[PDB]
There are 4 protein chains.
Amino acid sequence: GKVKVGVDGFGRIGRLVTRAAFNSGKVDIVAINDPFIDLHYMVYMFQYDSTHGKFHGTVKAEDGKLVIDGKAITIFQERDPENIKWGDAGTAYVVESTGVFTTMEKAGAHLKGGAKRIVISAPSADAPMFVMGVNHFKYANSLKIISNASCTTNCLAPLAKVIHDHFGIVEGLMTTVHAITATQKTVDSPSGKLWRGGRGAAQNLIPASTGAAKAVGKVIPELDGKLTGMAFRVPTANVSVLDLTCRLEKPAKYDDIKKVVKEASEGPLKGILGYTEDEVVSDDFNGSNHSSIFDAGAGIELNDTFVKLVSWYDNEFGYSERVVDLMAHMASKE
Amino acid sequence: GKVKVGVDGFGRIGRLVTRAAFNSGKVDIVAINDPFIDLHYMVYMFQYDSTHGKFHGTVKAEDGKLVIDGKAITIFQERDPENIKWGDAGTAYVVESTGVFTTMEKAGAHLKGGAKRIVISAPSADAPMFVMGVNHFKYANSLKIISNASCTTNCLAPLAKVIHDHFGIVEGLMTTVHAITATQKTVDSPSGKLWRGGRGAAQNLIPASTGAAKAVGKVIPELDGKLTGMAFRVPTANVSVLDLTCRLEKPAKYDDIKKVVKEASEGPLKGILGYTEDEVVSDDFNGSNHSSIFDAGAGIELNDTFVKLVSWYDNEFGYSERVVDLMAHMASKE
Amino acid sequence: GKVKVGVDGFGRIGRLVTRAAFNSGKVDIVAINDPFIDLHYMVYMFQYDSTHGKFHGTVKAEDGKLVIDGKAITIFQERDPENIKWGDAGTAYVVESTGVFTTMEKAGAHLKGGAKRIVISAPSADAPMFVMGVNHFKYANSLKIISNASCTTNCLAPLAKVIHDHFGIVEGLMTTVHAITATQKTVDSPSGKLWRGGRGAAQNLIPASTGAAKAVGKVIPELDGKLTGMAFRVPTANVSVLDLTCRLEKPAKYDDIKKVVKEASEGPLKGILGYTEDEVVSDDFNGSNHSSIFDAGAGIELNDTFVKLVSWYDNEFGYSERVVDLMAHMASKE
Amino acid sequence: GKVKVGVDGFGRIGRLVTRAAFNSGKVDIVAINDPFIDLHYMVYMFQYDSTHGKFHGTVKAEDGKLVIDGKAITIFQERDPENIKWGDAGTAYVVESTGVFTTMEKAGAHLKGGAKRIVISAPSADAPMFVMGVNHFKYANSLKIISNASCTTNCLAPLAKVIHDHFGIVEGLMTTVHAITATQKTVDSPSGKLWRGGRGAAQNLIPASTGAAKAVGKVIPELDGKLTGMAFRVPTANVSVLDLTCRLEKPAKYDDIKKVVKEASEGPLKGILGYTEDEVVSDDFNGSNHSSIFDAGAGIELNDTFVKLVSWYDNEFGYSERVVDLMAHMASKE
Ligand SMILES: NC(=O)c1ccc[n+]([C@@H]2O[C@H](COP(=O)([O-])OP(=O)(O)OC[C@H]3O[C@@H](n4cnc5c(N)ncnc54)[C@@H](O)[C@@H]3O)[C@@H](O)[C@H]2O)c1
Ligand SMILES: NC(=O)c1ccc[n+]([C@@H]2O[C@H](COP(=O)([O-])OP(=O)(O)OC[C@H]3O[C@@H](n4cnc5c(N)ncnc54)[C@@H](O)[C@@H]3O)[C@@H](O)[C@H]2O)c1
Ligand SMILES: NC(=O)c1ccc[n+]([C@@H]2O[C@H](COP(=O)([O-])OP(=O)(O)OC[C@H]3O[C@@H](n4cnc5c(N)ncnc54)[C@H](O)[C@@H]3O)[C@@H](O)[C@H]2O)c1
Ligand SMILES: NC(=O)c1ccc[n+]([C@@H]2O[C@H](COP(=O)([O-])OP(=O)(O)OC[C@H]3O[C@@H](n4cnc5c(N)ncnc54)[C@H](O)[C@@H]3O)[C@@H](O)[C@H]2O)c1
């Protein structure tokens with residue numbers, strides 16, 4: 001036990017959030033809303049992930065539900081959340097994956113079955129948006145639902161504080177070379193919405209859009225017009241890195257940026273960031289037990305004004321860990 | 001023009017049937033039935049294949065349909081063949097990619113949609129089953145609907161006729177080191193029927209089921225119990241190889257066995273079999289313009305009655321080429 | 001500490017054997033013979049492997065050598081082992097990777113610098129050959145050097161005992177779909193010796209030779225003429241599986257083979273084998289903390305006489321763990 | 001026949017120079033200098049490329065050399081150009097793949113081997129450096145030896161001329177999401193110079209260094225400080241894309257910028273640049289028959305003086321094509 005959660009979308013994102021909430025936070029029991037994965041599937045699926053290792057403990061199928069390490073967890077069939085329950089297990093704060101659901105209307109929708117406060121894994125046009133890094137006093141009890149900015153978007157945000165607070169930034173752009181997602185396809189094919197030209201996998205270096213800015217601004221207003229993005233998603237299954245290029249107000253040294261985040265990561269942020277003088281460590285990370293991580297070295301080049309800077313990801317997980325990070329910030333706090 | 005065709009499932013298997021029907025045969029004029037793949041997609045989609053290259057000549061859409069090298073082709077979305085026109089064009093010979101649509105029951109359905117005869121890109125429970133390799137007088141007018149053995153099942157039938165009739169064969173088992181399917185997934189996940197793990201993609205060498213057994217049986221009655229098999233799906237997008245092991249009646253010498261197919265390959269078969277003393281060409285094939293292709297060398301080792309032998313695929317395509325080769329022969333008779 | 005080892009070829013195979021000897025056995029201190037990896041490189045390299053995770057502990061660069069978890073380890077430059085020392089550290093029993101070195105002449109050669117008994121990672125034409133599985137009383141003090149059959153070859157051997165001891169086997173062949181090796185190349189290229197047509201990586205399903213038999217017979221004489229092989233190495237970096245097909249003396253049931261190894265793995269072997277009724281678990285393993293592992297289910301089909309059977313690998317590691325397995329069998333025993 | 005050529009490093013870069021020199025130019029007759037790649041390999045090796053397809057026409061070896069479409073070609077092994085003949089054939093224009101052989105010092109050496117002028121497939125410390133894009137009157141007889149900018153460095157030079165001269169540009173940084181190299185490794189390992197991790201292949205999105213800076217500088221003096229960059233090597237075998245970010249003098253509109261290259265691309269450049277409104281074609285290119293190719297759409301976003309822009313590669317080949325295009329122009333003058 002701990003807090004008091006339920007989850008929507010036993011899948012990738014769901015599993016760590018189910019996975020983590022338990023071992024990192026723990027924070028209380030729960031329940032599982034998973035139409036299209038059954039009693040049993042949850043045992044395997046959750047437990048065995050090719051990208052992070054297997055589970056451990058004992059994830060088993062006992063009475064009406066699953067016993068993840070004994071702490072009695074349930075599976076809820078329904079497709080259409082209002083539809084399911086959630087009231088049973090008393091699952092006051094729930095997180096959702098899914099795809100579709102995102103927006104006050106819908107996430108806001110859950111509560112009919114039970115819910116209280118809902119945290120979502122992904123942005124939304126419509127609705128309160130956060131992250132670990134900047135969130136501060138922003139989260140207000142007054143608030144009923146909350147989102148955790150995207151992979152991209154949450155890891156960007158940490159760099160922002162340290163760097164725009166200390167050296168200016170005026171006009172900055174980025175790209176992220178990313179790990180494959182749910183949505184990237186085998187062989188060839190149709191797609192859908194933003195195309196994401198769904199014509200790869202294994203085979204091509206796939207250029208793509210993201211709202212690095214939107215997101216990054218919402219989180220640090222200041223920034224919030226002075227930033228935008230795109231990405232090329234490559235075949236890597238787990239982990240990704242972010243490239244930031246900047247033009248800045250106060251003069252920098254490369255030596256300088258590096259130690260700003262070094263001293264600054266040292267104290268407030270701790271949880272998201274890093275600073276690995278370390279030396280090209282490629283892609284390791286993959287649930288390193290960090291959120292956004294930057295390093296010195298990488299593709300840095302300096303000059304007064306313009307500079308180039310790279311931070312990183314470990315999407316999937318890092319991510320799922322700043323969600324539970326915030327599930328306790330919002331539960332304590334409201 | 002040529003025969004007179006229509007097609008189910010503009011996709012992977014679809015594009016070639018269309019692609020080749022045209023280049024290889026032409027077999028006239030046609031039409032396209034594809035819910036989810038709209039007017040324009042068909043131009044890009046068909047045109048562009050990560051796997052085989054891109055198309056060429058031109059693939060544009062003018063009035064109401066697409067112009068395939070001018071050959072006025074059409075697009076019908078229709079979700080459920082019954083529902084789709086089909087007399088429209090006057091295409092008595094349509095071929096079903098699809099997935100689900102197996103069996104006389106539904107294949108026959110289209111017929112009421114419009115249709116006449118239909119070839120199916122994939123095996124079937126109940127219903128006539130053929131392949132070019134073995135096909136022979138088998139095919140006769142009584143016939144209105146038909147199928148061309150599986151990717152893999154069409155490939156083994158060839159090796160067999162040349163092997164069984166010339167050498168004996170008592171008990172033979174198989175494995176197919178296969179290329180990726182439609183059904184193979186990125187990350188890890190739910191799945192379905194026959195299971196298949198929906199558990200990998202780029203990471204695992206996936207264990208799997210196949211029906212070479214029943215399949216080759218039909219195709220060549222005699223065989224038809226003296227066989228069964230399984231396969232392992234690997235990251236490999238296009239092309240796969242087949243492993244057959246046998247125990248034969250009349251003794252062989254690997255020199256002799258490889259011999260058989262050579263002199264035999266030259267004569268009745270040609271468009272099916274191969275024979276490359278050449279020297280383990282890894283996996284090029286991939287639109288080689290071959291059905292199944294064997295070679296001497298490979299993983300060949302001998303002893304009077306025991307021997308292992310190995311063939312190949314060029315699946316996707318090779319297949320795509322025998323449909324047409326089947327469409328060809330089919331029309332002819334009737 | 002523990003036994004008293006040194007190692008030749010800090011690389012893949014070397015690292016687990018350096019890695020394992022320490023955490024599994026521990027068995028004493030050591031020293032490292034690595035021309036073409038320096039003081040420092042050993043810290044990273046060893047510690048960080050993309051295929052198994054990172055190290056832990058603290059692998060650091062202190063006085064004249066490396067301190068792996070404090071237990072004082074050294075690095076020895078020289079290329080030509082007679083050439084190096086080995087006498088320093090008193091490294092009585094050493095294991096070698098390398099490539100080249102294999103044969104009594106050469107491995108036998110070491111001793112000039114120091115050495116006593118040498119264990120090698122890989123077969124040899126010339127010389128005592130073992131494995132964990134069959135080795136028994138065979139290892140005789142009388143013996144100065146010993147080898148641990150190949151990836152392939154060591155995992156085969158476990159299946160052999162259980163299955164030929166209990167049900168006959170007369171005429172049996174196999175293939176193994178394997179993980180990439182050191183020797184498999186990026187893009188295109190020359191090669192060398194057995195070609196292994198060194199024209200792939202990522203890109204093709206590469207057919208190959210192995211001496212499944214030779215090896216398997218040396219280990220269980222009996223077998224030793226009645227078995228041979230080939231393999232197709234695929235893009236998977238870590239782990240591989242073995243396919244065995246058999247014709248047998250006593251009648252089997254599939255149900256039966258399975259429980260023979262089940263009860264038999266239960267008691268003597270324990271260390272190598274498994275029997276996972278478990279259900280397609282693809283490729284997980286990857287240092288599962290097992291050597292050869294078989295399962296029921298997989299690609300099994302039955303009939304009296306002929307049968308098909310699949311066991312597995314986790315090369316790299318499993319392997320490196322039956323080496324230390326035997327380093328203690330040969331040290332205790334001689 | 002055509003010009004009159006010879007070549008260093010039958011490999012990757014080698015085969016195309018030879019491949020294309022023939023198809024594209026021909027530029028006559030020739031000879032091959034390749035220690036490790038014997039008489040016959042050259043037939044298979046050249047002929048067969050995993051990456052581009054296979055060759056065609058015919059690639060056989062008759063008397064003393066190889067018959068390239070009949071065009072009597074030769075094979076010289078020679079380890080050290082000095083050592084290799086070269087007047088033999090009478091090939092005053094030889095082109096160096098190689099690796100190490102950079103610089104006037106050695107390139108000049110061959111000359112004593114036999115030679116006259118030599119083009120080098122790769123940058124160089126000291127020595128004339130060119131590329132087609134910018135090349136112009138730059139090239140003049142004084143010249144005996146020359147180089148064609150890097151895979152990546154040849155690709156940016158084009159974007160620049162069209163961008164710098166038409167729009168301003170103050171400060172610009174870059175990243176290249178690159179395809180795999182010769183130097184990229186399978187498993188993990190030693191490595192070398194510039195480091196590069198020799199740490200991955202199929203598993204990691206590798207951080208890396210490049211000299212677009214110096215490189216594009218030379219090629220277009222003006223630029224030549226207002227640039228520098230780094231790249232990330234990914235599993236992707238052939239083709240890569242380039243990311244350039246700039247701050248310009250005269251304001252742009254993304255509509256306007258993309259505009260420039262269009263009207264400009266049509267006219268002076270043609271064989272270098274591109275312009276595909278077309279729509280993120282992921283990575284097909286791969287022997288598209290293009291040098292560097294840009295497009296509108298991609299990861300394009302605008303603001304008066306700040307803008308990010310993106311080009312492409314077709315490295316391997318595209319390159320292979322400008323050598324010849326360079327060999328072409330080179331011979332001409334002299
Ligand atoms: N996956 C990544 O790499 C990454 C990184 C950061 C953020 N994200 C975000 O996290 C979200 C979760 O996606 P994922 O990749 O973890 O999922 P996934 O595809 O692996 O599994 C999601 C499953 O949940 C089910 N789902 C949700 N509610 C359902 C209902 N009632 N009926 C039917 N289906 C329902 C599924 O749709 C789906 O099969 C994404 O939409 C995105 O917003 C992804
Ligand atoms: N790697 C696998 O997948 C697998 C599985 C089972 C068995 N094996 C066996 O294990 C052996 C070890 O190869 P690996 O893949 O672990 O190595 P690796 O390529 O990763 O590293 C080996 C390094 O050791 C050095 N080496 C050995 N002695 C040296 C000396 N004095 N001078 C120069 N170089 C020397 C290297 O040559 C080489 O760079 C193989 O040859 C094979 O017999 C491999
Ligand atoms: N994929 C391979 O590598 C491979 C190789 C050889 C043979 N095959 C064979 O090809 C068949 C499938 O072709 P594919 O793999 O290219 O599939 P695909 O996904 O590329 O195309 C088929 C798709 O078309 C659509 N469809 C068409 N008409 C429809 C309608 N009226 N109603 C509903 N859905 C409709 C669906 O999206 C369906 O999934 C397999 O069953 C098998 O027999 C596959
Ligand atoms: N590999 C890519 O994807 C790529 C793309 C674009 C440009 N490049 C350029 O191509 C160059 C290298 O060509 P490659 O990548 O095809 O290499 P490669 O390995 O395929 O071929 C070069 C090899 O030829 C041999 N060689 C030739 N003559 C020799 C002699 N006399 N003495 C000693 N060794 C000799 C060596 O084995 C050498 O490593 C790079 O330096 C770079 O400038 C590479």
# chains A, B, ... in the order shown; residues from 1 in each chain; ligands from 1

$ residues_near_ligand --ligand "ligand 2" --cutoff "6 Å" --atoms "only C-alpha atoms and all ligand atoms" --output "compact mmCIF listing (two decimals) with N, CA, C and O atoms, in the first residue's frame"
# COMPACT_ATOMS: atom_id res chain seq x y z
N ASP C 8 42.56 -14.44 -20.41
CA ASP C 8 43.12 -14.09 -21.72
C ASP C 8 42.05 -13.64 -22.68
O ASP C 8 41.41 -14.47 -23.36
N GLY C 9 41.85 -12.39 -22.74
CA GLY C 9 40.88 -11.88 -23.67
C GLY C 9 39.74 -11.24 -22.94
O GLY C 9 38.61 -11.76 -22.94
N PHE C 10 40.08 -10.15 -22.32
CA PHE C 10 39.08 -9.32 -21.74
C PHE C 10 38.20 -8.95 -22.91
O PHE C 10 38.55 -8.10 -23.73
N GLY C 11 37.09 -9.64 -22.94
CA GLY C 11 36.11 -9.46 -23.99
C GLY C 11 35.01 -10.51 -23.90
O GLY C 11 35.28 -11.71 -23.77
N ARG C 12 33.81 -9.94 -23.96
CA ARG C 12 32.52 -10.66 -23.95
C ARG C 12 32.60 -11.88 -23.05
O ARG C 12 32.12 -11.85 -21.90
N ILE C 13 33.19 -12.90 -23.61
CA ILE C 13 33.45 -14.15 -22.91
C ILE C 13 34.35 -13.88 -21.70
O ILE C 13 34.13 -14.40 -20.60
N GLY C 14 35.38 -13.10 -21.87
CA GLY C 14 36.29 -12.81 -20.76
C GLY C 14 35.54 -12.16 -19.56
O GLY C 14 35.65 -12.62 -18.42
N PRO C 35 46.35 -7.47 -24.18
CA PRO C 35 46.99 -6.60 -25.14
C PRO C 35 45.90 -5.97 -25.96
O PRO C 35 45.02 -6.72 -26.48
N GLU C 78 51.49 -7.53 -22.95
CA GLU C 78 51.87 -8.66 -23.89
C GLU C 78 50.69 -9.43 -24.68
O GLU C 78 49.63 -9.74 -24.11
N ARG C 79 51.18 -9.58 -25.96
CA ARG C 79 50.66 -10.23 -27.19
C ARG C 79 51.77 -11.19 -27.62
O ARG C 79 52.79 -10.77 -28.19
N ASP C 80 51.39 -12.39 -27.26
CA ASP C 80 52.11 -13.65 -27.28
C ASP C 80 52.26 -14.04 -25.83
O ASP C 80 53.15 -13.55 -25.13
N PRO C 81 51.37 -14.92 -25.39
CA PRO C 81 51.27 -15.31 -24.00
C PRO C 81 52.56 -15.81 -23.39
O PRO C 81 52.89 -15.42 -22.23
N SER C 97 40.17 -16.58 -23.93
CA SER C 97 39.18 -16.27 -24.99
C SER C 97 40.02 -16.18 -26.29
O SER C 97 40.43 -17.20 -26.86
N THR C 98 40.23 -14.92 -26.76
CA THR C 98 41.25 -14.57 -27.83
C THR C 98 40.82 -14.66 -29.32
O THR C 98 40.78 -13.65 -30.04
N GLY C 99 40.55 -15.89 -29.69
CA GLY C 99 40.23 -16.31 -31.05
C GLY C 99 41.22 -17.42 -31.42
O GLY C 99 40.90 -18.61 -31.34
N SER C 121 37.95 -21.43 -23.63
CA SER C 121 36.62 -21.11 -24.11
C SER C 121 36.56 -21.35 -25.61
O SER C 121 36.77 -20.43 -26.41
N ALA C 122 36.27 -22.60 -25.91
CA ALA C 122 36.10 -23.05 -27.29
C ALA C 122 36.76 -24.40 -27.52
O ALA C 122 37.70 -24.78 -26.82
N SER C 150 31.93 -25.65 -27.25
CA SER C 150 31.35 -24.40 -27.69
C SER C 150 29.98 -24.12 -27.11
O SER C 150 29.40 -24.96 -26.40
N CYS C 151 29.55 -22.93 -27.44
CA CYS C 151 28.22 -22.46 -27.12
C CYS C 151 27.27 -23.61 -27.41
O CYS C 151 26.76 -24.27 -26.50
N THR C 181 27.71 -13.09 -32.99
CA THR C 181 28.98 -13.34 -32.50
C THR C 181 29.88 -12.17 -32.79
O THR C 181 29.50 -11.22 -33.49
N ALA C 182 31.00 -12.36 -32.19
CA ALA C 182 32.10 -11.47 -32.34
C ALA C 182 32.28 -11.19 -33.88
O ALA C 182 32.18 -10.05 -34.33
N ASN C 315 24.09 -18.16 -24.85
CA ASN C 315 25.58 -18.40 -25.10
C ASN C 315 26.36 -17.59 -24.09
O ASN C 315 26.28 -17.84 -22.88
N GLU C 316 27.07 -16.67 -24.63
CA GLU C 316 27.79 -15.70 -23.85
C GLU C 316 27.94 -16.19 -22.39
O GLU C 316 28.94 -16.83 -22.02
N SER D 189 33.17 -3.32 -27.34
CA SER D 189 34.59 -3.71 -27.52
C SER D 189 35.63 -2.61 -27.36
O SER D 189 35.33 -1.51 -26.88

$ select_by_dssp --residues "segment 236-308 of chain C" --states "helix (DSSP H, G or I)" --output "list in words"
residues 254, 255, 256, 257, 258, 259, 260, 261, 262, 263, 264, 265, 266, 267, 268 and 269 of chain C

$ closest_residue --among "B:86, B:306, B:167, B:317" --to "ligand 3" --atoms "only C-alpha atoms and all ligand atoms"
B:317

$ interface_residues --of "chain C" --to "chain B" --cutoff "8 Å" --atoms "only C-alpha atoms" --output "number ranges by chain"
C: 171, 173, 197, 199-200, 203-209, 228-231, 234-236, 240, 245, 280-284, 298-299, 301, 306, 308

$ write_last_selection --atoms "N, CA and C atoms" --output "PDB file, in the first residue's frame"
ATOM      1  N   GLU C 171      20.505 -42.019 -35.417  1.00  0.00           N
ATOM      2  CA  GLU C 171      20.251 -40.929 -36.463  1.00  0.00           C
ATOM      3  C   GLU C 171      19.377 -39.742 -35.898  1.00  0.00           C
ATOM      4  N   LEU C 173      19.971 -35.168 -36.363  1.00  0.00           N
ATOM      5  CA  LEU C 173      20.491 -33.925 -37.010  1.00  0.00           C
ATOM      6  C   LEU C 173      19.874 -32.695 -36.248  1.00  0.00           C
ATOM      7  N   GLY C 197      30.314 -16.141 -44.655  1.00  0.00           N
ATOM      8  CA  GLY C 197      29.980 -15.354 -45.913  1.00  0.00           C
ATOM      9  C   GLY C 197      29.900 -13.804 -45.723  1.00  0.00           C
ATOM     10  N   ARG C 199      28.922 -11.071 -44.557  1.00  0.00           N
ATOM     11  CA  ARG C 199      28.131 -10.316 -45.391  1.00  0.00           C
ATOM     12  C   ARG C 199      26.718 -10.205 -44.785  1.00  0.00           C
ATOM     13  N   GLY C 200      26.660  -9.558 -43.659  1.00  0.00           N
ATOM     14  CA  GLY C 200      25.406  -9.330 -42.970  1.00  0.00           C
ATOM     15  C   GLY C 200      25.645  -8.438 -41.768  1.00  0.00           C
ATOM     16  N   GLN C 203      21.088  -7.200 -41.231  1.00  0.00           N
ATOM     17  CA  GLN C 203      20.433  -7.367 -42.570  1.00  0.00           C
ATOM     18  C   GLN C 203      19.976  -8.783 -43.007  1.00  0.00           C
ATOM     19  N   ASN C 204      20.795  -9.816 -42.945  1.00  0.00           N
ATOM     20  CA  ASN C 204      20.338 -11.168 -43.430  1.00  0.00           C
ATOM     21  C   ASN C 204      20.292 -12.257 -42.276  1.00  0.00           C
ATOM     22  N   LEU C 205      19.535 -13.338 -42.642  1.00  0.00           N
ATOM     23  CA  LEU C 205      19.397 -14.657 -41.943  1.00  0.00           C
ATOM     24  C   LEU C 205      20.542 -15.495 -42.564  1.00  0.00           C
ATOM     25  N   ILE C 206      21.679 -15.507 -41.846  1.00  0.00           N
ATOM     26  CA  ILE C 206      23.001 -16.071 -42.305  1.00  0.00           C
ATOM     27  C   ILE C 206      23.227 -17.579 -42.050  1.00  0.00           C
ATOM     28  N   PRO C 207      23.029 -18.492 -43.024  1.00  0.00           N
ATOM     29  CA  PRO C 207      23.348 -19.917 -42.816  1.00  0.00           C
ATOM     30  C   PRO C 207      24.855 -20.131 -42.511  1.00  0.00           C
ATOM     31  N   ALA C 208      25.095 -21.153 -41.604  1.00  0.00           N
ATOM     32  CA  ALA C 208      26.457 -21.486 -41.054  1.00  0.00           C
ATOM     33  C   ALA C 208      26.645 -22.937 -40.538  1.00  0.00           C
ATOM     34  N   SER C 209      27.930 -23.243 -40.454  1.00  0.00           N
ATOM     35  CA  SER C 209      28.458 -24.492 -39.945  1.00  0.00           C
ATOM     36  C   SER C 209      28.979 -24.273 -38.522  1.00  0.00           C
ATOM     37  N   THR C 228      25.195 -34.516 -36.431  1.00  0.00           N
ATOM     38  CA  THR C 228      26.030 -33.453 -37.116  1.00  0.00           C
ATOM     39  C   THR C 228      25.245 -32.162 -37.257  1.00  0.00           C
ATOM     40  N   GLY C 229      25.936 -31.082 -37.684  1.00  0.00           N
ATOM     41  CA  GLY C 229      25.227 -29.791 -37.709  1.00  0.00           C
ATOM     42  C   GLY C 229      25.755 -28.662 -38.600  1.00  0.00           C
ATOM     43  N   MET C 230      24.865 -27.720 -38.536  1.00  0.00           N
ATOM     44  CA  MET C 230      24.889 -26.435 -39.169  1.00  0.00           C
ATOM     45  C   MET C 230      23.943 -25.558 -38.355  1.00  0.00           C
ATOM     46  N   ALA C 231      24.133 -24.269 -38.616  1.00  0.00           N
ATOM     47  CA  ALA C 231      23.409 -23.162 -37.961  1.00  0.00           C
ATOM     48  C   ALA C 231      23.219 -21.953 -38.933  1.00  0.00           C
ATOM     49  N   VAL C 234      21.512 -15.248 -36.864  1.00  0.00           N
ATOM     50  CA  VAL C 234      20.638 -14.134 -37.118  1.00  0.00           C
ATOM     51  C   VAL C 234      21.078 -12.931 -36.364  1.00  0.00           C
ATOM     52  N   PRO C 235      20.502 -11.825 -36.686  1.00  0.00           N
ATOM     53  CA  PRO C 235      20.860 -10.595 -36.046  1.00  0.00           C
ATOM     54  C   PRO C 235      20.758 -10.589 -34.481  1.00  0.00           C
ATOM     55  N   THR C 236      19.956 -11.426 -33.766  1.00  0.00           N
ATOM     56  CA  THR C 236      19.915 -11.356 -32.221  1.00  0.00           C
ATOM     57  C   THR C 236      21.339 -11.251 -31.595  1.00  0.00           C
ATOM     58  N   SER C 240      20.463 -17.655 -28.053  1.00  0.00           N
ATOM     59  CA  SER C 240      20.222 -18.611 -29.149  1.00  0.00           C
ATOM     60  C   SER C 240      19.593 -19.924 -28.624  1.00  0.00           C
ATOM     61  N   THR C 245      16.179 -33.010 -33.829  1.00  0.00           N
ATOM     62  CA  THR C 245      15.282 -33.947 -34.492  1.00  0.00           C
ATOM     63  C   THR C 245      15.925 -35.311 -34.316  1.00  0.00           C
ATOM     64  N   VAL C 280       6.069 -20.018 -24.880  1.00  0.00           N
ATOM     65  CA  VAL C 280       7.003 -19.295 -25.694  1.00  0.00           C
ATOM     66  C   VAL C 280       7.324 -18.023 -25.015  1.00  0.00           C
ATOM     67  N   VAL C 281       8.565 -18.158 -24.633  1.00  0.00           N
ATOM     68  CA  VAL C 281       9.312 -17.199 -23.862  1.00  0.00           C
ATOM     69  C   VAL C 281      10.497 -16.691 -24.674  1.00  0.00           C
ATOM     70  N   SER C 282      10.283 -16.886 -25.937  1.00  0.00           N
ATOM     71  CA  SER C 282      11.061 -16.387 -27.065  1.00  0.00           C
ATOM     72  C   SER C 282      12.562 -16.519 -26.955  1.00  0.00           C
ATOM     73  N   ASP C 283      13.020 -15.505 -26.373  1.00  0.00           N
ATOM     74  CA  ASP C 283      14.396 -15.215 -26.299  1.00  0.00           C
ATOM     75  C   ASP C 283      14.733 -14.687 -24.843  1.00  0.00           C
ATOM     76  N   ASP C 284      13.801 -14.224 -23.972  1.00  0.00           N
ATOM     77  CA  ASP C 284      14.220 -13.681 -22.600  1.00  0.00           C
ATOM     78  C   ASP C 284      15.657 -14.119 -22.227  1.00  0.00           C
ATOM     79  N   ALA C 298       7.110 -25.620 -27.375  1.00  0.00           N
ATOM     80  CA  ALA C 298       7.951 -25.192 -28.530  1.00  0.00           C
ATOM     81  C   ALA C 298       7.533 -25.869 -29.868  1.00  0.00           C
ATOM     82  N   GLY C 299       8.497 -26.467 -30.581  1.00  0.00           N
ATOM     83  CA  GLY C 299       8.227 -27.089 -31.917  1.00  0.00           C
ATOM     84  C   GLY C 299       8.238 -28.623 -31.855  1.00  0.00           C
ATOM     85  N   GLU C 301       6.652 -32.342 -31.964  1.00  0.00           N
ATOM     86  CA  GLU C 301       5.710 -33.201 -32.654  1.00  0.00           C
ATOM     87  C   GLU C 301       6.280 -34.609 -32.550  1.00  0.00           C
ATOM     88  N   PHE C 306      10.364 -41.176 -34.890  1.00  0.00           N
ATOM     89  CA  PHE C 306      10.774 -39.792 -35.149  1.00  0.00           C
ATOM     90  C   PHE C 306      10.080 -38.957 -34.053  1.00  0.00           C
ATOM     91  N   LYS C 308      10.684 -34.424 -32.732  1.00  0.00           N
ATOM     92  CA  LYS C 308      11.413 -33.133 -32.838  1.00  0.00           C
ATOM     93  C   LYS C 308      11.496 -32.569 -31.448  1.00  0.00           C
TER      94      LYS C 308
END

$ atom_distance --atom1 "atom CA of residue 323 of chain C" --atom2 "atom CA of residue 33 of chain C"
17.8 Å

$ residues_around --residues "residue 44 of chain A" --least-positions-apart "2" --cutoff "12 Å" --atoms "only C-alpha atoms" --output "number ranges by chain"
A: 10-11, 15, 37-42, 46-50, 54-56, 58-61, 66, 68; B: 188-190, 197, 199; C: 278-281

$ atom_distance --atom1 "atom CA of residue 194 of chain D" --atom2 "atom 38 (C, counted along the ligand's line) of ligand 4"
18.2 Å
